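What follows is a short report on a single structure.
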Amino acid sequence: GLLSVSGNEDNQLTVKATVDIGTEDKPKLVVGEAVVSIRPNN
Amino acid sequence: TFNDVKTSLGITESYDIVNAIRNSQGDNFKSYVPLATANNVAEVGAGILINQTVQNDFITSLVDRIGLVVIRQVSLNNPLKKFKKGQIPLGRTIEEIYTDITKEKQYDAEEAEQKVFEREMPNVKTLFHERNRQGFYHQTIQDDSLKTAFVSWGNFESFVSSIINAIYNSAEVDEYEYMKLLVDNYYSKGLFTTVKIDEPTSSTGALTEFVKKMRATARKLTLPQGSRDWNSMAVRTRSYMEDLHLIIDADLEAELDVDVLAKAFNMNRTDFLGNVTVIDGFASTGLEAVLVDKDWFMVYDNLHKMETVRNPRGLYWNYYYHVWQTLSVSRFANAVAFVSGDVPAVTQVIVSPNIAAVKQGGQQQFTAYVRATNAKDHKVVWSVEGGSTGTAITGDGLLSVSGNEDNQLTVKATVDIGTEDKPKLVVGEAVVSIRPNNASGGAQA
């Protein structure tokens, strides 16, 4: 989970994490998400 | 006499509201359908520029008269007139004087044996101001030509007063502009100390990192130990928090309220930290906010005199409002430029003895202060111009005036930025006078 912002970045990032509780063609991906905003570095 | 006037003079029509109503079905203009006389209201109801003699609706040969004359009256003021310091009636120069701190010498008892009477000079820097602005506001009232535009004395005597009040509005606007010119002058000279930022009103994250550079700099300015980093003469200048004014714009005010101060639980932790004024905006490219003391602005009036005269040959008056005032800026106050775009790497080179009067054959030490916007250290080139053969200067900044020198000198502390095709060199400068000695002559010396 170490998010690396590159620079030249202006888009509101949604950092997801899905957990496969399911199987092949029945994935049922349980996700919780974190909305990441961007502070520039001059 | 104008002979061809449409009601739509100057107008660019968007969609022809007359045709747009009667060609509506459910086009939201259906509420304007039961209006009986809407097409007359849609014709001239936005104001008419040029009058036209409209004949009367019942008897054609009569005309329709003007029944009411409204003389609109405005009062334009200066936000910045609280930065003024008053009036100076007599004399034309202001002398700022500032002693600066010393440099600690080490305790050395053996060196002190010969140096008790050493006479180390103090560090005083002077700055001279002068009456700059000297101009007048001319108006002319033709008191008898304007009696044809009026049929009432109460309106003619009110329209004469409005022309008078326009002279006083041209005062407080041009006073406001001449003080804003002092910011854009001082930045074009590179005398402001730049804090590089990112442009707000592009994101919230650009704004929140601007407020972090606001409250940090205003705390760095008013630290009790002072700093050299925020003046134009590079002197230790503590400021105080009540003396700090912020001259941002009208864009950062409402954006800070909405994006930041609305969602604040503790508004005093995200607000700007000094006094805040609001302007229309600095005309320099890249400048957004300016943090200065009130001691920065030095606006002293010199004259405020409305004079009249009447021409008898053509019946007009003339009114002259003479405004003379001193419009300059202290170089000892903390003056912070919050600059958004690209900046030069070094904006200024401050050589510390700006005024030297060393003797013929003597020595002057020079200390330069490079005003860099980046952690790149810059190497400083010393030179000396306007002199003779034996005048040389050390790369540490030590002048060695020749024994045969008579010319007024100038030293330079060059710092270059760009490469050899676009050399880009900023350079500081101090003026040195020689004042010839005695007890000399001959050869082998």
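Chain lettering (A, B, ...) mirrors the order of the structure tokens, residue numbering begins at 1 for each chain separately, and ligand numbering begins at 1 in order of display.
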Kindly provide, as a PDB file with C-alpha atoms, in the first residue's frame, the residues of chain A having any atom no farther than 9 Å from an atom of chain B, counting only C-alpha atoms.
```
ATOM      1  CA  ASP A  10      -3.758  16.719 -10.587  1.00  0.00           C
ATOM      2  CA  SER A  37      -6.199  14.462  -2.630  1.00  0.00           C
ATOM      3  CA  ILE A  38      -3.082  16.079  -4.085  1.00  0.00           C
ATOM      4  CA  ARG A  39      -0.953  18.814  -2.534  1.00  0.00           C
ATOM      5  CA  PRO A  40       1.574  20.082  -5.128  1.00  0.00           C
ATOM      6  CA  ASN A  41       5.344  20.320  -4.550  1.00  0.00           C
ATOM      7  CA  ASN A  42       6.056  23.665  -6.324  1.00  0.00           C
TER       8      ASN A  42
END
```
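For residue A:31, the residues within 7 Å (counting only C-alpha atoms, excluding itself and residues fewer than 6 positions away along the chain) are residues 16, 17, 18 and 19 of chain A.
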Taking the DSSP assignment computed from this structure's backbone, write out as a PDB file with N, CA, C and O atoms, in the first residue's frame all residues of chain A that belong to strand (DSSP E or B).
```
ATOM      1  N   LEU A  13      -7.247  10.898  -6.348  1.00  0.00           N
ATOM      2  CA  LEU A  13      -6.966   9.476  -6.372  1.00  0.00           C
ATOM      3  C   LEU A  13      -7.906   8.755  -5.423  1.00  0.00           C
ATOM      4  O   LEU A  13      -8.124   9.190  -4.292  1.00  0.00           O
ATOM      5  N   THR A  14      -8.472   7.654  -5.888  1.00  0.00           N
ATOM      6  CA  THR A  14      -9.206   6.754  -5.015  1.00  0.00           C
ATOM      7  C   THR A  14      -8.345   5.515  -4.880  1.00  0.00           C
ATOM      8  O   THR A  14      -8.181   4.756  -5.839  1.00  0.00           O
ATOM      9  N   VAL A  15      -7.758   5.337  -3.714  1.00  0.00           N
ATOM     10  CA  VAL A  15      -6.910   4.185  -3.490  1.00  0.00           C
ATOM     11  C   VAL A  15      -7.788   3.058  -3.001  1.00  0.00           C
ATOM     12  O   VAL A  15      -8.402   3.147  -1.932  1.00  0.00           O
ATOM     13  N   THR A  18      -9.257  -4.363  -2.911  1.00  0.00           N
ATOM     14  CA  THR A  18     -10.266  -5.401  -3.030  1.00  0.00           C
ATOM     15  C   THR A  18      -9.749  -6.686  -2.409  1.00  0.00           C
ATOM     16  O   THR A  18      -8.559  -6.995  -2.483  1.00  0.00           O
ATOM     17  N   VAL A  19     -10.662  -7.427  -1.794  1.00  0.00           N
ATOM     18  CA  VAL A  19     -10.379  -8.747  -1.251  1.00  0.00           C
ATOM     19  C   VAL A  19     -11.262  -9.746  -1.977  1.00  0.00           C
ATOM     20  O   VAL A  19     -12.489  -9.610  -1.977  1.00  0.00           O
ATOM     21  N   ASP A  20     -10.640 -10.741  -2.602  1.00  0.00           N
ATOM     22  CA  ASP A  20     -11.357 -11.802  -3.299  1.00  0.00           C
ATOM     23  C   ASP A  20     -11.971 -12.732  -2.259  1.00  0.00           C
ATOM     24  O   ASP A  20     -11.310 -13.584  -1.663  1.00  0.00           O
ATOM     25  N   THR A  23     -14.689 -16.880  -6.179  1.00  0.00           N
ATOM     26  CA  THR A  23     -13.989 -17.871  -6.984  1.00  0.00           C
ATOM     27  C   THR A  23     -13.942 -17.394  -8.432  1.00  0.00           C
ATOM     28  O   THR A  23     -14.251 -16.237  -8.732  1.00  0.00           O
ATOM     29  N   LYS A  26     -17.022 -15.890 -10.164  1.00  0.00           N
ATOM     30  CA  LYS A  26     -17.849 -15.398  -9.076  1.00  0.00           C
ATOM     31  C   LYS A  26     -16.953 -14.680  -8.080  1.00  0.00           C
ATOM     32  O   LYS A  26     -16.801 -15.163  -6.953  1.00  0.00           O
ATOM     33  N   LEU A  29     -15.837  -9.174  -5.153  1.00  0.00           N
ATOM     34  CA  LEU A  29     -14.718  -8.420  -4.612  1.00  0.00           C
ATOM     35  C   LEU A  29     -15.191  -7.415  -3.580  1.00  0.00           C
ATOM     36  O   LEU A  29     -15.869  -6.440  -3.908  1.00  0.00           O
ATOM     37  N   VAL A  30     -14.819  -7.652  -2.329  1.00  0.00           N
ATOM     38  CA  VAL A  30     -15.140  -6.750  -1.233  1.00  0.00           C
ATOM     39  C   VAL A  30     -14.065  -5.678  -1.186  1.00  0.00           C
ATOM     40  O   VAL A  30     -12.875  -5.984  -1.046  1.00  0.00           O
ATOM     41  N   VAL A  31     -14.481  -4.425  -1.282  1.00  0.00           N
ATOM     42  CA  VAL A  31     -13.561  -3.309  -1.410  1.00  0.00           C
ATOM     43  C   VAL A  31     -13.882  -2.284  -0.331  1.00  0.00           C
ATOM     44  O   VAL A  31     -15.037  -2.141   0.082  1.00  0.00           O
ATOM     45  N   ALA A  34     -10.172   4.647  -0.082  1.00  0.00           N
ATOM     46  CA  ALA A  34      -9.685   5.873   0.525  1.00  0.00           C
ATOM     47  C   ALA A  34      -9.459   6.912  -0.555  1.00  0.00           C
ATOM     48  O   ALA A  34      -8.734   6.667  -1.521  1.00  0.00           O
ATOM     49  N   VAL A  35     -10.059   8.078  -0.374  1.00  0.00           N
ATOM     50  CA  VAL A  35      -9.992   9.156  -1.346  1.00  0.00           C
ATOM     51  C   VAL A  35      -8.781  10.015  -1.031  1.00  0.00           C
ATOM     52  O   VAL A  35      -8.678  10.570   0.067  1.00  0.00           O
ATOM     53  N   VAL A  36      -7.869  10.144  -1.987  1.00  0.00           N
ATOM     54  CA  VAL A  36      -6.587  10.794  -1.754  1.00  0.00           C
ATOM     55  C   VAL A  36      -6.512  12.053  -2.597  1.00  0.00           C
ATOM     56  O   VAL A  36      -6.563  11.988  -3.830  1.00  0.00           O
TER      57      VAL A  36
END
```
So that I can see what lies close to residue B:408, please list as a PyMOL selection string the residues with an atom at most 9 Å from it, counting only C-alpha atoms and leaving out residues fewer than 5 positions away in the same chain. chain B and resi 386-387+431-434
Looking at only C-alpha atoms, which of B:392, B:195, B:339, B:46 is the one that sits closest to residue B:213?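 Ranked by minimum distance to residue B:213, first place goes to B:195.
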Could you pull the residues within 12 Å of residue B:302, counting only C-alpha atoms, minus those fewer than 6 positions along the same chain, as a list in words?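 Contacts, with the query itself left out: residues 85, 86, 87, 88, 89, 90, 91, 92, 93, 130, 131, 132, 133, 134, 135, 322, 323, 324, 325, 326 and 327 of chain B.
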Distance atom CA of residue B:428-atom CA of residue B:367, one decimal place?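 Separation of atom CA of residue B:428 and atom CA of residue B:367: 10.6 Å.
Here atom CA of residue B:332 is placed at a distance of 29.4 Å from atom CA of residue B:269.
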